[PDB]
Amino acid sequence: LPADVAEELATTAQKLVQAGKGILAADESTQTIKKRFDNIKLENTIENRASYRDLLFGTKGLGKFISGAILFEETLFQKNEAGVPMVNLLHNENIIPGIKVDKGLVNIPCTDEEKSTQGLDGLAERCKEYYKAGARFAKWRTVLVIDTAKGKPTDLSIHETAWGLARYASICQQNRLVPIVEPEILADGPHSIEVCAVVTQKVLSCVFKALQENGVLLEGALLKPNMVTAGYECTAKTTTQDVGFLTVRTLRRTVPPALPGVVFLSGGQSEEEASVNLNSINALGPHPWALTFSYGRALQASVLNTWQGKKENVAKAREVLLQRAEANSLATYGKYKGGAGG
């Protein structure tokens, strides 16, 4: 890898997880964002989306709590109503433009409907396309599922996820883009927080091994794993402390120090849950990597809520955004005392 691009990779990767800042994931596809909009009964118009992405990226002050924003293709190339290109709104607040570059989840034949992530085809060309658009980091999401009964996640699922992410990451780096390796394991099921730690540890082990095999520069890469948590169905009352501990443990057991940081994913956690947990993790003293956030839902839920599509509520909702952005910023320093919303 050219010493220049390499140096670039390392720089942005490190800038992406600088002290007190996380990444806002506003990369919802036209489909998923529809889901988000439906909750506030908003019409999934191109105008509505543009107004939304403009609401987030235009929030004056967002640059202190956000290091980078993961953008969806559309948004990466669009402008708001007043002709201001979205990436410029980011630049205004010193936020780094990012771009989701995977073409979605499909099933693996001969597995009980376990996902595979499309995107490798043409990815290299797209990367350049995006860099020119002003993007500096990319994201590719995979989905693993725990089901002790049905033996999930199977080795094929794990191997597939390992190799895919690896291939993808090796490509982005070639094209001056820092890869956010996202091997998400879904909390779905009655599995306990212990199983989650075990499965999460196994997966990450495989992941990094694949990264090694393909030659992914860890120093110019980021990991976006699921925090260790109980299954959605597990009645056993686990505490935020367990979450933090078990998570930090499994990470220390797998993630080499070369990796600049870990940008956590809220998954199905509530906005507060994510803030607290993230906090309880950093609360656990000095870690060898940054343990920040890459929150989307956990950062947008109330925003999208209080907005209701009605521009009359734009400012009001922009505050809500900073409210959550600051919570998670302090949570970075283990300084978030539950209060910025519930």
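All residue numbers refer to positions in the sequence shown, first residue = 1.
As listed in the deposited structure, the average C-alpha B-factor of 193-201 and of 254-262 is greater for 193-201. Remark: stretch with higher mean C-alpha B factor among 12-20 and 322-330 is 322-330. Among 288, 58, 63, 296, the highest C-alpha B-factor recorded in the PDB entry belongs to 63.
Ranking 132, 209, 237, 126 by Cα temperature factor from the entry places 237 first. Ranked within its chain, residue 167 lands in the middle third, by CA B factor from the PDB record. Among the modelled residues of the chain, residue 30 sits in the highest third by CA temperature factor in this PDB entry. Placement of the Cα temperature factor of residue 77 within the chain: middle third of the modelled residues, per the deposited record. Sort the modelled residues of the chain by CA B factor and residue 155 lands in the lowest third. Compared with the other modelled residues of the chain, the Cα B-factor recorded for residue 306 ranks in the highest third.
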